[PDB]
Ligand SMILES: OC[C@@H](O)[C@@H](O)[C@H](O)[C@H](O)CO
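Below sits a lone chain in C-alpha cells, taken as the form deposited without this ligand.
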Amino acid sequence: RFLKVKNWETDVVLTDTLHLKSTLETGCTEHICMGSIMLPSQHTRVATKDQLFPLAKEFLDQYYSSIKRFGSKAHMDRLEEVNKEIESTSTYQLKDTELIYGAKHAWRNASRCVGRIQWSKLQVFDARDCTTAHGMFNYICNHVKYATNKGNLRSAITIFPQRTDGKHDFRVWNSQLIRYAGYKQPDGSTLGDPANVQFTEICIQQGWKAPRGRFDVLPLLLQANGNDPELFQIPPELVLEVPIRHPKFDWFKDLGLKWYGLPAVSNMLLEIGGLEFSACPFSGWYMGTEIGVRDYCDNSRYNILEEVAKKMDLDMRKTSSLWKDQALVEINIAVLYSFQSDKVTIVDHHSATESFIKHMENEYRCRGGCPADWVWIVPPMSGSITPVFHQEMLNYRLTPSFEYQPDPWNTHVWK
C-alpha cells in the first residue's frame, strides 16, 4: 500500500502513495494485464443525480485542500451550496476558479501525456456562455490565434457548456482543430492523410468543396447544443505551417513536406466534479516524433519511408539493411530543424523525455506519485536511448480527467 518504482539506468527509487487516492478502473485484473489495449472500456464515456453529489464532494475537497483552506467555512458553505443546487437542478455549475483547477488537473492526471511538466502553465478559456456553432467558431479561432502566438506556442484549452440531458451536447466533430484532408483515388490509393478520409467524406457530405490535394487544411464541423453541425473555415492567416527542409539534403525541399505548428485535440471529454464537458479542445506544442515518426512514417498515414530511402540511395533490397531506420532518423532531424529555423515551438523526444523524468521526481515529492503509461510515454523511435525506457511507471486513473468518447456521427440523432 506504499508501492515502489525503480529506474534501471540510475538506480533511482521513488515511492508512490498517490495511487491510494485513485478511483476509476484500469482494465487489468489480478489475472490479466490490459496495458497495451488502445481504447479500453474504462477510458471511454450518461450519469444521474444520486451519483453526482459524491463526485462533487470528492472534487471540492481536493480543491480546498490545494488552497490551504480544507474544511474551513468557505469549503463547508460551498459544499452545502453545490448540494443545494444538485437538489434544485440535479446538476450544478463550477466556479471560474474551480473550472481552471479541474482543467489543469485533468492534464496533470493524463497518464499517457509525456509533456505534463507544463500542466500548471495552462490557459483556460471559459466558453460556457456559448450557444451557437458560430459562437463556437469564434471561440475556437481566438484559441488558435492565442496558442499559436506567432510560433512561440502556449498551452490552452477552451471549455464549452457541460453536457446535461445528453441530447443537447456541444461537440467539435474534428479530432484535431487543424488536420489535413484525406481523399482516396480511383485505384484505391490515398492522397493527403489516410486517417481523416472518413471525416473528409463527411465534410464533403455537408458541402465542403475540396481542393483535392495533399496538405489541405480541413474545415471545422461544429455541433452546438445538440443541433446538426455546421462547416466553418479557419482563416488561413491563423493556420501556421512549417515546410520541412533538411540541414544537409538540398533534395529535401523537393519532397515538399509541411506540417501545421499547433497540435490541438478536440474530440475528447473533460470530466470535473462529475460534470461532463463534451467539447473542450486543448493545444500545446509538438514533440518531433509525433510528426516525423507517426504522421510521416506510419504505414497507414503518410508513408514516406519509401521515398526518403530512394533519394538517400539506400540498400532497399534487403530488410536487414535497416534502410527504414536510416531514413526515419533523417526525417526527424528535418522536422526539428525546420520548426526550429522558423522560431516555431517544438521539442525533441530526448529533451521531452528527460523533462518527464524531472517531472516525475517532483510529482513523487509534492504529491506522492504520478500516474504514467509506459506504453505511451516511451517515444516511438530510439526507445532505450531515452531515460523513460528504463523507468518503471505505475498507471492509475485519477480525476479530474480527459476521457475518450464515441464519434458524434455514430450517435447524433440526425435531422
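Quick note: we count residues from 1 along the sequence shown, nothing fancier.
A second form of this protein, the form deposited with this ligand bound, is not displayed here; the remarks below concern that form.
My understanding is that this ligand gets transferred in the deposited complex by a local C-alpha superposition; in that placement, do 3 or more ligand atoms come within 2.4 Å of this form's backbone or C-beta, making it blocked, or is it open? After C-alpha superposition the pocket is open.
Go through 327-335, 77-85, 189-197, 92-100 and give me the stretch that gets within 4.5 Å of this ligand in the deposited complex, heavy atoms only. Correct option: 189-197.
Of the options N138, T132, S341, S175, which one has a non-hydrogen atom that comes within 4.5 Å of this ligand in the deposited complex? Of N138, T132, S341, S175, the residue with a heavy atom within 4.5 Å of this ligand in the deposited complex is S175.
Classify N267 as contacting or not contacting this ligand in the deposited complex by the rule of any non-hydrogen atom within 4.5 angstroms, answering yes or no. Because a heavy atom of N267 falls inside 4.5 Å of this ligand in the deposited complex, the answer is yes.
Quick one: does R179 come within 4.5 Å of this ligand in the deposited complex, counting heavy atoms only? Yes - in the deposited complex, heavy atoms of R179 and this ligand come within 4.5 Å of each other.
Go through 400-415 residue by residue and record those having a heavy atom within 4.5 Å of this ligand in the deposited complex; state none if no residue qualifies. Going through 400-415 in order - heavy atoms within 4.5 Å of this ligand in the deposited complex - the hits are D407, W409.
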